[PDB]
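Asker: Provided herewith is a single structure, encoded as structure tokens, for subsequent inquiry.
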Amino acid sequence: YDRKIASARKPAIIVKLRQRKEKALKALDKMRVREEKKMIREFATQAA
Amino acid sequence: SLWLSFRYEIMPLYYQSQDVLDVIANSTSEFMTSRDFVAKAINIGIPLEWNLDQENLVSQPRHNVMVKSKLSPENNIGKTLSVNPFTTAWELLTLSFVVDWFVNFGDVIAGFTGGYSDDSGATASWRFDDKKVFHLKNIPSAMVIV
RNA sequence: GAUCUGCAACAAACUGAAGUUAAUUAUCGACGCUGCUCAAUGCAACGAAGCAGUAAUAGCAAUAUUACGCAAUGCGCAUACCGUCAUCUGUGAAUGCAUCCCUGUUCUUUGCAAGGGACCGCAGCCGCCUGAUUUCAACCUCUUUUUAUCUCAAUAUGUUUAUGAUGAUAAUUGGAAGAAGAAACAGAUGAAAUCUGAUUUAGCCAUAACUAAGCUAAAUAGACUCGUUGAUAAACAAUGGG
RNA sequence: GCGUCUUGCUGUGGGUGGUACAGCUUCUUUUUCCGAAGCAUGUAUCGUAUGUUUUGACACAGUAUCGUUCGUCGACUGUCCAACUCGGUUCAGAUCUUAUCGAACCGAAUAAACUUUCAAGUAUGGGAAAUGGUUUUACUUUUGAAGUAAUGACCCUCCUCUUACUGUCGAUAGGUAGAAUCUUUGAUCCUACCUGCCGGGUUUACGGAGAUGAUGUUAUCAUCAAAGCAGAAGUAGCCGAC
RNA sequence: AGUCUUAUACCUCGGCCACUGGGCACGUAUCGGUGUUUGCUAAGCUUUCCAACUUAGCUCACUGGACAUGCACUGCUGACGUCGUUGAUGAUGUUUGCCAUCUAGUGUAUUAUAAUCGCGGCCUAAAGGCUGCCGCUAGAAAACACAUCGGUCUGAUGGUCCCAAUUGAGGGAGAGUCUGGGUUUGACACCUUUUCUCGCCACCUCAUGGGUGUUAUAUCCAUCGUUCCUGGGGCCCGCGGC
């Protein structure tokens with residue numbers, strides 16, 4: 001994404017790509033925390 | 001909005017920093033041990049005039065020795081080992097605090113290689129649970145328990 | 001020092017004077033007493049005359065007025081506050097898990113385990129009110145026989161017509177709380193509702209000059225919700241034809 | 001079980017104080033000739049402090065951002081450590097590889113393993129810590145603004161365990177509060193406190209207008225309390241520094 | 001025959017072809033709207049009769065849109081000291097900041113050289129093996145051209161160290177045998193292909209039973225599970241056509 005962000009020059013496309021990054025890395029962090037917590041319960045169940 | 005755009009770089013950089021901290025700390029706290037057990041016997045002379053069936057007193061102590069080291073390097077697992085600085089108090093506005101925390105963490109985690117050494121210790125333990133029996137030979141009725 | 005390229009410093013003088021002296025011009029303190037200042041402006045507190053804003057009038061003057069000036073006051077005006085409501089945002093307690101801090105003092109028949117406090121992060125009970133509303137009966141009452149609505153059906157008449165009601169709802173007779181709202185009683189908004197000149201027209205004035213600069217009245221047009229109320233125009237989802 | 005005024009919710013309804021301005025009418029005046037009277041209705045207002053011509057308009061000169069930690073003087077020091085080095089800068093110079101050596105400087109570095117010692121110097125907790133006061137409840141139910149409590153708590157109070165935090169002097173530096181003397185109405189002296197500066201809620205305490213109840217005295221005794229100061233607070237910007 | 005221009009050839013034939021970064025122009029699938037005539041599609045006036053004109057448009061041109069081509073070409077990005085001002089910025093030298101790669105395969109040569117064997121390093125010291133750089137080929141428009149709602153949900157079992165029965169299965173390796181292919185002549189011999197046999201082949205996987213270890217290990221293996229693809233016979237559901 002920063003490959004295109006480096007040279008865009010058009011504010012509309014700039015803000016739309018920033019929104020794309022927002023949504024994408026938001027989904028990334030959400031799935032990160034969900035995976036971490038689900039593997040926490042997974043280890044708890046394995047120990048039990 | 002501009003400040004909340006922080007997550008982009010602070011969230012994953014902090015996540016990877018904690019990742020490297022964990023992957024170094026788990027290997028650094030190995031706490032290696034080594035131990036062994038033997039059942040060497042202990043002999044106590046018995047006077048012959050005592051007319052005992054067994055000539056020599058035998059003890060079987062559980063002999064246990066263990067030697068272990070730590071091998072910690074010269075570094076700062078202390079104050080730097082802290083939870084996310086923002087935690088739940090992101091409402092406090094700052095831009096320099098995060099960069100100062102990051103550079104401090106970086107310089108600390110870079111400066112460890114200079115020294116690596118620690119101490120050790122060893123134990124020598126005996127356990128006795130010997131309940132021995134001896135007969136007054138030629139007189140099986142007479143008997144002694146130790 | 002390139003060394004037949006020159007530069008730097010030593011501040012005594014040199015035209016250009018950055019300060020004062022030498023001379024000229026202008027000003028004020030021109031009275032300085034406890035004392036004359038960062039070189040000048042400047043006085044808790046020192047001395048006299050006259051009245052204690054200036055000018056004029058009838059008047060020494062007080063006295064009364066006027067013109068200017070000064071001071072004070074008044075939601076008269078506004079400013080910050082709260083007083084004031086309204087709309088909206090917003091509706092609550094106990095339960096665990098996860099983090100940090102401290103701790104051999106009866107720690108210990110394996111040298112390394114066990115206790116106490118903190119708030120955040122993650123999961124666990126149910127109601128309530130407000131915003132504003134659906135629960136119930138129209139089941140004796142024939143001359144003092146509530147109305148309206150969602151509605152039906154037999155019979156007579158070869159018309160263009162005549163009759164009989166159960167269930168529910170409303171005109172709120174009663175209550176839950178729901179259509180919107182997990183940590184409660186606090187915040188946010190409002191205290192507005194017009195203006196143009198910038199369009200035309202009409203009228204006044206001859207205009208700096210041209211008679212009509214400029215001004216006045218009507219209408220058009222343009223800028224214009226401060227949050228609350230509703231619908232409407234368009235894109236969004238709308239399978240097509242013979 | 002019944003009837004009753006008043007009282008508290010005004011529970012319901014009604015009427016009522018209005019002022020100013022806007023506008024209308026009437027008389028005089030050249031119908032508001034620059035004056036006067038009455039009147040329908042509407043709006044605003046019926047709070048504090050501030051500014052009231054510091055209200056407004058024209059000219060001159062000037063007005064960068066962000067984020068930092070600090071800021072009455074000097075003294076050993078209440079207080080910073082690897083102090084004899086690290087890294088860089090510059091240079092009288094030398095060996096002349098671009099290179100090497102030497103000197104000064106800069107930033108890091110000397111206090112002591114803190115201070116403190118009436119043992120919470122200042123905060124934290126516990127007491128089979130009692131008195132007294134206050135706040136609940138119960139009982140008698142009658143007490144002199146009635147009484148009694150093996151009462152739930154708080155305050156007061158004595159003792160007591162850990163942890164945190166902190167020297168003084170010369171300043172007659174500046175200021176603050178109290179007290180006294182003289183008096184200029186300010187000054188002087190002494191005591192106590194504070195100093196990066198000057199800025200918000202809350203918490204504790206102080207004195208304290210006025211008010212309230214009682215008593216024999218406009219007098220006294222008890223209760224509340226206006227405004228204000230002080231301990232943490234908690235948040236601006238003021239210059240200087242980056 | 002002479003001159004100019006376009007096209008091929010001609011060096012390039014956009015910086016690459018891995019990206020037209022953008023601009024320019026003509027060319028064009030061409031599409032809408034106008035200027036639109038000689039003549040024309042259908043209709044029509046003035047209705048016995050259309051046997052004499054016009055109308056909506058059509059040739060062509062212009063306008064706007066779209067596509068493509070090459071390039072004489074050009075850019076994309078604006079901050080330091082600024083300069084007098086202009087409100088925002090008009091200029092000055094400046095420097096930094098671009099579309100610009102990764103992946104898979106291949107690699108000389110000479111030769112008797114420790115002489116290598118595209119270039120260079122590692123292990124073993126042999127008839128060597130591993131790896132870094134470069135050269136030559138293909139994919140990746142990834143890259144510049146190019147993608148645009150939120151929120152929620154979306155597999156298990158056992159093994160993996162050793163041993164025992166080879167107990168069974170499957171797969172690999174070897175030895176031969178045979179069918180054919182390649183060098184050699186007529187061959188043999190060697191390489192290679194296919195069929196079959198073989199097994200103390202501690203080869204691998206699975207199946208069985210045990211034990212060892214805590215430092216057995218798979219970033220996996222095997223089995224099943226859901227979904228998808230291919231061939232669909234057919235009925236439970238089941239209609240249409242024949």
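FYI, nothing fancy with the structure tokens labels: chains A, B, ... in order, residues from 1 per chain, ligands from 1 as they appear.
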Report the closest atom pair, with its distance in Å rounded to one decimal, for each residue of chain B that has an atom no farther than 10 Å from chain A; count only C-alpha atoms, sort by chain and then rising residue number, and write it as a Markdown table.

Answerer:
```
| residue | atom | partner | partner_atom | distance |
| --- | --- | --- | --- | --- |
| B:5 | CA | A:22 | CA | 8.1 |
| B:7 | CA | A:26 | CA | 8.7 |
| B:8 | CA | A:25 | CA | 7.2 |
| B:11 | CA | A:29 | CA | 8.2 |
| B:12 | CA | A:29 | CA | 8.3 |
```

Asker: Write the selection just made, keeping N, CA and C atoms, as a PDB file, in the first residue's frame?

Answerer:
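Result written to out_22.pdb:
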```
ATOM      1  N   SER B   5      -4.892   7.641  14.031  1.00  0.00           N
ATOM      2  CA  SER B   5      -4.159   6.964  12.964  1.00  0.00           C
ATOM      3  C   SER B   5      -2.867   6.327  13.478  1.00  0.00           C
ATOM      4  N   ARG B   7      -2.489   3.712  15.364  1.00  0.00           N
ATOM      5  CA  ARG B   7      -2.512   2.258  15.483  1.00  0.00           C
ATOM      6  C   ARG B   7      -1.672   1.608  14.396  1.00  0.00           C
ATOM      7  N   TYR B   8      -1.740   2.155  13.178  1.00  0.00           N
ATOM      8  CA  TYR B   8      -0.997   1.731  11.996  1.00  0.00           C
ATOM      9  C   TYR B   8       0.406   1.255  12.334  1.00  0.00           C
ATOM     10  N   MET B  11       0.685  -0.235  17.002  1.00  0.00           N
ATOM     11  CA  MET B  11       0.202  -1.568  17.356  1.00  0.00           C
ATOM     12  C   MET B  11       1.135  -2.682  16.893  1.00  0.00           C
ATOM     13  N   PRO B  12       1.521  -2.777  15.615  1.00  0.00           N
ATOM     14  CA  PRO B  12       2.337  -3.934  15.218  1.00  0.00           C
ATOM     15  C   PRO B  12       3.780  -3.830  15.672  1.00  0.00           C
TER      16      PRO B  12
END
```

Asker: Pull the closest atom pair for each residue of chain A that gets at most 12 Å from chain C, along with the distance in Å to one decimal, counting only C-alpha atoms (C1' of nucleotides), ordering rows by chain and then ascending residue number, as JSON lines.

Answerer:
```
{"residue": "A:33", "atom": "CA", "partner": "C:122", "partner_atom": "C1'", "distance": 11.7}
{"residue": "A:34", "atom": "CA", "partner": "C:122", "partner_atom": "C1'", "distance": 11.9}
{"residue": "A:37", "atom": "CA", "partner": "C:122", "partner_atom": "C1'", "distance": 9.5}
{"residue": "A:40", "atom": "CA", "partner": "C:98", "partner_atom": "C1'", "distance": 10.9}
{"residue": "A:41", "atom": "CA", "partner": "C:97", "partner_atom": "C1'", "distance": 11.6}
```

Asker: Considering only C-alpha atoms (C1' of nucleotides), extract the chain B residues located within 12 Å of chain E and return them as a count of residues only.

Answerer: 3

Asker: Using only C-alpha atoms (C1' of nucleotides), find which residues of chain D lie within 12 Å of chain B and jot them down as a list in words.

Answerer: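 Per the criterion, chain D yields residues 66, 67 and 68 of chain D.
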
Asker: Taking 4 positions as the minimum chain separation for residues in the same chain, which residues sit within 8 Å of region 46-51 of chain B when counting only C-alpha atoms (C1' of nucleotides)? Answer as a ChimeraX atom specification.

Answerer: /B:55-57,136-137

Asker: Wanna dump the chain C-chain B contacts at 9 Å for me, each residue with its shortest atom pair and the distance in Å to one decimal, counting only C-alpha atoms (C1' of nucleotides), ordered by chain and number, as CSV?

Answerer:
```
residue,atom,partner,partner_atom,distance
C:99,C1',B:83,CA,8.4
C:109,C1',B:127,CA,7.0
C:111,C1',B:123,CA,8.0
C:120,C1',B:88,CA,7.2
C:121,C1',B:88,CA,8.1
```

Asker: Within 10 Å of chain A, which residues belong to chain E? Use only C-alpha atoms (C1' of nucleotides) and report them as a list in words.

Answerer: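 Contact residues on the first chain: residues 21, 76, 77, 97, 98, 99, 143, 144, 148 and 150 of chain E.
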
Asker: Could you write those residues out with N, CA and C atoms (P, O5', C5', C4', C3', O3' and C1' of nucleotides), as a PDB file, in the first residue's frame?

Answerer:
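Result file again-v4.pdb:
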```
ATOM      1  P     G E  21       3.834   5.856 -18.416  1.00  0.00           P
ATOM      2  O5'   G E  21       2.657   5.961 -17.350  1.00  0.00           O
ATOM      3  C5'   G E  21       2.926   5.902 -15.958  1.00  0.00           C
ATOM      4  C4'   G E  21       2.990   7.282 -15.354  1.00  0.00           C
ATOM      5  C3'   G E  21       2.523   8.419 -16.250  1.00  0.00           C
ATOM      6  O3'   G E  21       1.114   8.565 -16.247  1.00  0.00           O
ATOM      7  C1'   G E  21       4.576   9.005 -15.211  1.00  0.00           C
ATOM      8  P     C E  76       4.856  18.500 -13.927  1.00  0.00           P
ATOM      9  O5'   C E  76       4.620  17.442 -12.765  1.00  0.00           O
ATOM     10  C5'   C E  76       3.773  16.324 -12.978  1.00  0.00           C
ATOM     11  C4'   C E  76       4.144  15.173 -12.083  1.00  0.00           C
ATOM     12  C3'   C E  76       4.382  15.514 -10.623  1.00  0.00           C
ATOM     13  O3'   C E  76       3.202  15.730  -9.874  1.00  0.00           O
ATOM     14  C1'   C E  76       6.111  14.116 -11.371  1.00  0.00           C
ATOM     15  P     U E  77       3.151  16.925  -8.799  1.00  0.00           P
ATOM     16  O5'   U E  77       4.441  16.693  -7.890  1.00  0.00           O
ATOM     17  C5'   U E  77       4.474  15.661  -6.915  1.00  0.00           C
ATOM     18  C4'   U E  77       5.626  15.829  -5.955  1.00  0.00           C
ATOM     19  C3'   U E  77       5.715  17.169  -5.244  1.00  0.00           C
ATOM     20  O3'   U E  77       4.835  17.265  -4.138  1.00  0.00           O
ATOM     21  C1'   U E  77       7.850  16.560  -6.056  1.00  0.00           C
ATOM     22  P     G E  97      17.403  11.074  -3.177  1.00  0.00           P
ATOM     23  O5'   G E  97      15.860  10.694  -3.197  1.00  0.00           O
ATOM     24  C5'   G E  97      15.090  10.787  -2.010  1.00  0.00           C
ATOM     25  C4'   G E  97      13.636  11.015  -2.320  1.00  0.00           C
ATOM     26  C3'   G E  97      13.154  10.475  -3.651  1.00  0.00           C
ATOM     27  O3'   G E  97      12.946   9.076  -3.625  1.00  0.00           O
ATOM     28  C1'   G E  97      12.243  12.632  -3.262  1.00  0.00           C
ATOM     29  P     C E  98      13.262   8.192  -4.927  1.00  0.00           P
ATOM     30  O5'   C E  98      11.821   7.770  -5.450  1.00  0.00           O
ATOM     31  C5'   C E  98      11.676   6.843  -6.518  1.00  0.00           C
ATOM     32  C4'   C E  98      10.414   7.101  -7.300  1.00  0.00           C
ATOM     33  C3'   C E  98      10.274   6.285  -8.578  1.00  0.00           C
ATOM     34  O3'   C E  98       8.892   6.034  -8.818  1.00  0.00           O
ATOM     35  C1'   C E  98      10.335   8.584  -9.117  1.00  0.00           C
ATOM     36  P     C E  99       8.241   4.634  -8.378  1.00  0.00           P
ATOM     37  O5'   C E  99       8.896   3.587  -9.381  1.00  0.00           O
ATOM     38  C5'   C E  99       8.307   2.309  -9.580  1.00  0.00           C
ATOM     39  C4'   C E  99       7.915   2.103 -11.020  1.00  0.00           C
ATOM     40  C3'   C E  99       9.075   1.893 -11.991  1.00  0.00           C
ATOM     41  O3'   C E  99       8.686   0.957 -12.994  1.00  0.00           O
ATOM     42  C1'   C E  99       7.809   3.776 -12.657  1.00  0.00           C
ATOM     43  P     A E 143       0.885  -3.746  -8.660  1.00  0.00           P
ATOM     44  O5'   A E 143       2.369  -3.202  -8.839  1.00  0.00           O
ATOM     45  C5'   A E 143       3.118  -2.717  -7.734  1.00  0.00           C
ATOM     46  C4'   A E 143       4.379  -2.050  -8.212  1.00  0.00           C
ATOM     47  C3'   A E 143       4.214  -1.185  -9.456  1.00  0.00           C
ATOM     48  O3'   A E 143       3.794   0.141  -9.169  1.00  0.00           O
ATOM     49  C1'   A E 143       5.967  -2.716  -9.810  1.00  0.00           C
ATOM     50  P     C E 144       2.249   0.448  -8.847  1.00  0.00           P
ATOM     51  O5'   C E 144       1.884   1.697  -9.762  1.00  0.00           O
ATOM     52  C5'   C E 144       2.445   2.976  -9.518  1.00  0.00           C
ATOM     53  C4'   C E 144       3.158   3.484 -10.742  1.00  0.00           C
ATOM     54  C3'   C E 144       2.340   3.512 -12.025  1.00  0.00           C
ATOM     55  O3'   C E 144       1.511   4.657 -12.131  1.00  0.00           O
ATOM     56  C1'   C E 144       4.444   2.517 -12.444  1.00  0.00           C
ATOM     57  P     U E 148     -12.422  -1.617  -7.651  1.00  0.00           P
ATOM     58  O5'   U E 148     -12.868  -1.418  -6.134  1.00  0.00           O
ATOM     59  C5'   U E 148     -13.439  -2.486  -5.384  1.00  0.00           C
ATOM     60  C4'   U E 148     -13.467  -2.172  -3.907  1.00  0.00           C
ATOM     61  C3'   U E 148     -14.538  -1.175  -3.471  1.00  0.00           C
ATOM     62  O3'   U E 148     -14.936  -1.471  -2.133  1.00  0.00           O
ATOM     63  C1'   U E 148     -12.400  -0.276  -3.020  1.00  0.00           C
ATOM     64  P     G E 150     -15.072  -3.112   4.893  1.00  0.00           P
ATOM     65  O5'   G E 150     -15.899  -3.024   6.250  1.00  0.00           O
ATOM     66  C5'   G E 150     -15.877  -1.850   7.048  1.00  0.00           C
ATOM     67  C4'   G E 150     -16.986  -1.866   8.067  1.00  0.00           C
ATOM     68  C3'   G E 150     -17.010  -3.075   8.991  1.00  0.00           C
ATOM     69  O3'   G E 150     -16.122  -2.955  10.088  1.00  0.00           O
ATOM     70  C1'   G E 150     -19.156  -2.760   8.085  1.00  0.00           C
TER      71        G E 150
END
```

Asker: Between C1' of residue 212 (chain E) and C1' of residue 163 (chain E), what is the spacing in Å?

Answerer: 9.4 Å

Asker: List as a PyMOL selection string the protein and nucleic acid residues near residue 21 (chain B), meaning an atom at most 10 Å away when only C-alpha atoms (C1' of nucleotides) are counted, but skip any in the same chain fewer than 2 places from it.

Answerer: chain B and resi 15-19+23-26+77+80-81+105+109

Asker: To one decimal place in Å, what is the distance between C1' of residue 181 (chain C) and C1' of residue 125 (chain C)?

Answerer: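 Computing the Euclidean distance for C1' of residue 181 (chain C) and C1' of residue 125 (chain C) yields 19.5 Å.
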
Asker: Measure the distance from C1' of residue 14 (chain E) to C1' of residue 136 (chain E) in Å and round it to one decimal.

Answerer: 27.1 Å

Asker: DSSP on the backbone: what in chain B comes out helix (DSSP H, G or I), as a ChimeraX atom specification?

Answerer: /B:4-28,48-50,96-110

Asker: Could you list, as number ranges by chain, every residue within 12 Å of residue 123 (chain D), counting only C-alpha atoms (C1' of nucleotides) and ignoring same-chain residues fewer than 6 positions away?

Answerer: D: 163-165, 231-232
